[PDB]
Amino acid sequence: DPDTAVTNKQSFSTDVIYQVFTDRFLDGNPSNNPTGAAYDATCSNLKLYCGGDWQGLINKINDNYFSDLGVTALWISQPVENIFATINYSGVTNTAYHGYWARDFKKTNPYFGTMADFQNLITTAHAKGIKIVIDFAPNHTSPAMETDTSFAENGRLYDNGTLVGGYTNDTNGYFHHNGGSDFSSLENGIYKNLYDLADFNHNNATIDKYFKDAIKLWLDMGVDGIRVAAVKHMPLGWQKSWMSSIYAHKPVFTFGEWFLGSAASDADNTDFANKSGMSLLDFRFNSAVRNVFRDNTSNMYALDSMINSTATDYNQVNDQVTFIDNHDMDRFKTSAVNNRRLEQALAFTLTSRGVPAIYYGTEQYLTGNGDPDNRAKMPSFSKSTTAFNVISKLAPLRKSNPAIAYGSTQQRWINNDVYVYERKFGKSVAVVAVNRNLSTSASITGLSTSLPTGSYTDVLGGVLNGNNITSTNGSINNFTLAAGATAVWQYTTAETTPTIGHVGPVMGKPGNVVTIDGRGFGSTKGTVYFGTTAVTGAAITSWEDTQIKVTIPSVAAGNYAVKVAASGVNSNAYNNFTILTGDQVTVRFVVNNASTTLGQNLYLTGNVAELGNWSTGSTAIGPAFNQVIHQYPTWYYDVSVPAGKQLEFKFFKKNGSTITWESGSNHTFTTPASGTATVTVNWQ
Ligand SMILES: OC[C@H]1O[C@H](O[C@H]2[C@H](O)[C@@H](O)[C@H](O)O[C@@H]2CO)[C@H](O)[C@@H](O)[C@@H]1O
Ligand SMILES: OC[C@H]1O[C@H](O[C@H]2[C@H](O)[C@@H](O)[C@H](O)O[C@@H]2CO)[C@H](O)[C@@H](O)[C@@H]1O
Ligand SMILES: OC[C@H]1O[C@H](O)[C@H](O)[C@@H](O)[C@@H]1O
Ligand SMILES: [Ca+2]
Ligand SMILES: [Ca+2]
């Protein structure tokens, strides 16, 4: 299958995601609707169910609404069973319509549908070439009050009907009872409750085993991707460990929600993206896009700078999910924002790097500020709006032009209001010009591109006032970019040299199968390179021009570059591919008496790649925590680490340059065969 098929659960670069709140889209089945205070047919009280379901989704798939719009994947509300109780917040009745207050991850929300409906949705979606991505929130159950079991459902958790435990009288410690996060530190938001949501204690082996089993079920149902909710609030170590379990079973594209409030780089965010095993929603791309297109608080340079900085910060920037709005923020469209601005923003998003996601209703210009107004019912299924048109013209390009899907980005011309960027990959090119000025046009002279000699036509057909151009060996002739104009020009050709577009996942242990997508691989099974190790033969489970599935070899745990040698020609190296020691388990390391100096931090390192292999640099573990679960001078940290292996490890203090290690011999511990563990040591 090509990189381009719906069969490609490992890569969404060629896809366009449509984010839909199941409840607010379409009620294909009224029989499954809630009753009483929980239901509102007019869908005027946005905190109540409105009946949207999977059958509604199925219906629109079948009448090609999505196929005509161009979207190739659907991201839906968390499918699991939620609390049935209603919650009264300062007089207002709230329901679990959003799907985020789960009570049983082994079952479906019956208001959405049944196992059969779900299986029917996956099949119908696949028959039309639409991948299905599910929201999943392993961070918590639902709102709960420790001192009041009657509020909501006391955050109870059921394992397929069977009660596992509630927040009150939690003798086994399935949850954290450290109060609620004040968001003052990273440690704080991880070990304390997100709002009033009962917080899971993933160090509890039952909870760790519940989530592995739970996700395994949905992957088996055929899901093609996962949106992990609130990744900033669970320990990276547990999630990494969970990610490898998924990748070892049935690898699917996985991205997570790490909320950022600006285009600015965040060290914790970058680390996560680069070390967890999953990618992230790009809140940095979102701020710059909104700042420039919607709010007018920044200009074209800001946009360009965000393109350059994120590409520098993330190991795989192409794995980041972009968007112009979502259910946790004001709809892009507002009274002061014009339609052309919304349309230009989509055009930018759809031709830029990453995996584009469109919040439902954008094409209908849906308005709505805040929660839940930004979660209004899908008002129309019109295929006439320009917004709708722009998406149907551009979306397919991610499929047809590999430069959009896998290419690099380069500025070709710019100023306060104008931005002309270029996407390239092999001989294929795509050039985009955006003039955000709604009242005045710009004379563009001296524009150079990679477009071979020839005259080009706007791929938008001029719907966004685009013009056609002429290149003379990349030299574009002077032209005027009309007001509020945006034109897309492109050039595509067959690649003749093996060239890697994407590898996914980019983490795994020996035995796992990874997918390498690109061009020019040829149809004659060659050799795949993991660093210096050449993988040939039956290990390469498939080999075609745009996709190779290959088994990760038994080489030392570490960082590698993937190269594909096709017919004697070696391709480009796809860097930072992480090979693990083997299966993971999550171990909490605790150290007593590690007192420090103003600005000194505690780290950890040991004899396995997962512990940094005695490194004190960016591969060491830390800085350790010292506030919630354990207080200074006791530090602790959850680390994904190989299973049933004997590790040697030592802690070290580091402020600036000076590294001070623990004296004595290394500490030792033999990690468990499965699940989780805790090992406490005293600073030597
Ligand atoms: O009950 C608190 C809030 O829970 C949800 O918020 C989600 C948010 O929308 C999602 O993107 C993030 O991943 O997790 C939080 C918590 O589950 C509801 O969507 C909100 O309306 C609630 O207020
Ligand atoms: O760097 C490889 C070795 O790291 C540790 O050795 C430390 C030692 O623990 C500490 O007392 C001394 O001051 O520095 C050395 C070197 O950094 C491990 O203990 C060894 O097993 C490793 O080979
Ligand atoms: O809307 C609720 C939000 O609360 C916090 O900002 C969390 O970081 C985020 O995960 C969640 O979306
Ligand atoms: Ca319904
Ligand atoms: Ca948490």
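Let me have the relative contact order for the chain, percent, based on Cα pairs under 8 Å that are six or more residues apart.
RCO, the chain: 10 percent.
With unit charges on the beta carbons (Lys and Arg positive, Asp and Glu negative) and the dipole taken about the Cα centre of the range 401-494, which residue among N465, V488, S443 sits farthest to the positive side?
Positive-most Cα among the choices belongs to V488.
Is there a pair in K106/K128; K509/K645; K9/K128; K9/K525; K9/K383 whose C-alpha atoms are over 20 Å apart, and which pairs would that be?
In this structure, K106/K128; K9/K525; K9/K383 exceed 20 Å between Cα atoms.
How big is the charge dipole of the range 206-255 about its Cα centre, in debye rounded to the nearest 20, if each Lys and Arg gets +1 on its Cβ and each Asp and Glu gets -1 on its Cβ?
It comes to approximately 140 debye.
Label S44 and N601 with points 7 Å out from Cα along Cα→Cβ: what is the distance between them in nm?
Placing both labels 7 Å along Cα→Cβ, they lie 5.4 nm apart.
Compactness ratio of the chain: Cα Rg over 2.2 N^0.38 Å, N = residue count?
0.97
Can you pull the Kirkwood radius for the range 495-580, inverse mean 1/r over Cα pairs, to one decimal in Å?
Evaluated over the range 495-580, this radius sits at 12.3 Å.
Determine the gain in length on full extension of the stretch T35-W661; use 0.36 nm per residue of separation and subtract their C-alpha separation, reporting nm with one decimal.
219.0 nm
Find which of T551, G56, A430 sits farthest along the positive direction of the dipole of the chain, computed with +1 on the beta-carbon of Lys and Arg, -1 on that of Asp and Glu, about the Cα centre.
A430
Straight distance only, please: which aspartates and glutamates reach the Cα of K427 with their own Cα at less than 17 Å, same-chain residues fewer than 8 apart left out?
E495, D517, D545
So, with +1 on the Cβ of K and R and -1 on the Cβ of D and E, and no other charges, what is the size of the charge dipole of the chain about its Cα centre, to the nearest 20 debye?
Approximately 1280 debye in magnitude.
Per the helix-only calculation at 222 nm, which mean residue ellipticity applies to the chain, given -39500 (n - 2.57) for every DSSP H run of n ≥ 4 and division by its residues, nearest 500 deg cm²/dmol?
Taken over the chain, the calculation gives -5500 deg cm²/dmol.
Using a 10 Å cut-off on Cβ atoms, rank the peptides 370-380, 632-642 from the highest mean neighbour count down.
In descending order of packing, they fall as 632-642, 370-380.
Could you list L598, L366 so that the one with the fewest beta carbons within 10 Å of its beta carbon is first and the one with the most is last?
The order, fewest Cβ neighbours first, is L598, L366.
Where nothing but the Cβ of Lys and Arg (+1) and of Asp and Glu (-1) is charged, how large is the charge dipole of the range 211-347 around its Cα centre, in debye to the nearest 20?
It works out to roughly 180 debye.
Assuming a ≥ b ≥ c are the square roots of the Cα gyration tensor eigenvalues, decide whether the range 1-400 counts as rounded (a/c under 1.5), prolate (otherwise, with a/b larger than b/c) or oblate.
Rounded is the answer for the range 1-400, as its axis ratio a/c remains below 1.5.
Using Cα pairs under 8 angstrom and six or more residues apart, how large is the relative contact order of the range 581-684, in percent?
Dividing the mean separation by the residue count of the range 581-684 yields 39 percent.
Please give me the summed charge of the neighbours of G56: other residues whose Cβ is under 13 Å from its Cβ, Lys and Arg +1, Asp and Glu -1.
Summing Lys and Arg as +1 and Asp and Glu as -1 gives -2.
Antiparallel as a % of all DSSP beta bridges within the chain, to the nearest 5?
Here the share of antiparallel DSSP bridges comes out near 70 percent.
Under Stokes-Einstein, with the Kirkwood radius over Cα pairs standing in for Rh, what whole-number D in µm²/s applies to the range 571-684 at 37 °C and 0.692 mPa s?
Using the Kirkwood radius from Cα pairs, D works out to 224 µm²/s.
As a convention, Cβ positions derive from the backbone with ideal geometry for all residues, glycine included, and neighbour counts pool all protein chains shown. Only the coordinates and a few stated rules stand behind these numbers; no lab work does.
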